[PDB]
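Comments concern the structure below.
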Amino acid sequence: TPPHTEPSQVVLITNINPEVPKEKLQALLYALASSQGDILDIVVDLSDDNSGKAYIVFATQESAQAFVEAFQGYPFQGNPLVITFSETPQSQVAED
């Protein structure tokens, strides 16, 4: 029963241990990502101390949802791994 809530070629991940640098962390996010769908660009926050999050951009919602559901409940970098979609607006260009 696919609800279909707008397109999303990007996914937002959280609850990630900032103990690991984006250099290594990102490298891992890509390995797993590729295992499911193709990656167009993997973004990562500044590895805060209370935030610790990132965003993995895939080819399309098809691949994203595949990886999100494929790892929706899998122990990564510890155990508590959360994976969800995100928003991809385009008004910044519409206005000008």
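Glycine also receives a Cβ, built like all others from the backbone with ideal geometry; neighbour counts cover every protein chain displayed. Each value in this text was obtained by applying a stated rule to the coordinates, not by laboratory testing.
What does the C-alpha gyration tensor say about the overall shape of the chain? Classify as rounded when a/c is under 1.5, otherwise prolate if a/b is larger than b/c, or oblate.
On the way: a/c = 1.82, a/b = 1.30, b/c = 1.40.
Oblate, because a/c is 1.5 or more while a/b does not exceed b/c.
Kindly provide the helix-only [θ] at 222 nm of the chain, computed as the sum of -39,500 (n - 2.57) over DSSP H runs of four or more divided by all residues, to the nearest 500 deg cm²/dmol?
Working: 3 runs with 29 residues, N = 96.
Here the helix-only value at 222 nm equals -9000 deg cm²/dmol.
By how many degrees, between 0 and 90 and to the nearest 10, does the Cα long axis of helix 61-70 differ from the longest principal axis of the chain?
Tilt relative to the chain: about 30 degrees.
How much net charge surrounds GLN90 when only other residues with a Cβ under 14 Å from its Cβ are counted (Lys, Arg +1; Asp, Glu -1)?
Numbers: positive: none; negative: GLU6, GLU87, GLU95, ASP96.
Local charge sum for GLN90: -4.
When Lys and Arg each count +1 and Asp and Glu each count -1, what net charge do the other residues less than 13 Å away from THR14, Cβ to Cβ, add up to? Mind showing how you got there, number by number?
Values: positive: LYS53; negative: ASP45, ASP48.
Counting the neighbours of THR14, the net charge comes to -1.
Just want the answer: with Cβ charges of +1 for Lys and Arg and -1 for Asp and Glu, which residue in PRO21, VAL57, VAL10 is farthest toward the dipole's positive end in the chain?
About the Cα centre, the residue reaching furthest to the positive side is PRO21.
How charged is the neighbourhood of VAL44? Take every other residue with its Cβ under 9 Å from the Cβ of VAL44, and add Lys/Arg as +1 and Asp/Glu as -1.
Values: positive: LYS22, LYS53; negative: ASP45.
Summing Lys/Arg as +1 and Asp/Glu as -1 gives +1.
Please give the helix 22-36 orientation as an angle from the longest Cα principal axis of the chain, in degrees from 0 to 90, rounded to the nearest 10.
60 degrees
Find the relative contact order for the chain and round it to a whole percent, using C-alpha pairs within less than 8 Å whose residues are 6+ positions apart.
On the way: 152 pairs, mean separation 37.2, N = 96.
Normalised by residue count, the contact order of the chain is 39 percent.
Using a simple charge model, +1 on the beta-carbon of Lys and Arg, -1 on the beta-carbon of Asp and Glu, nothing else, what dipole does the chain show about its Cα centre, in debye to the nearest 20?
Numbers: 3 positive and 13 negative charges, 76 e Å.
In total the dipole reaches around 360 debye.
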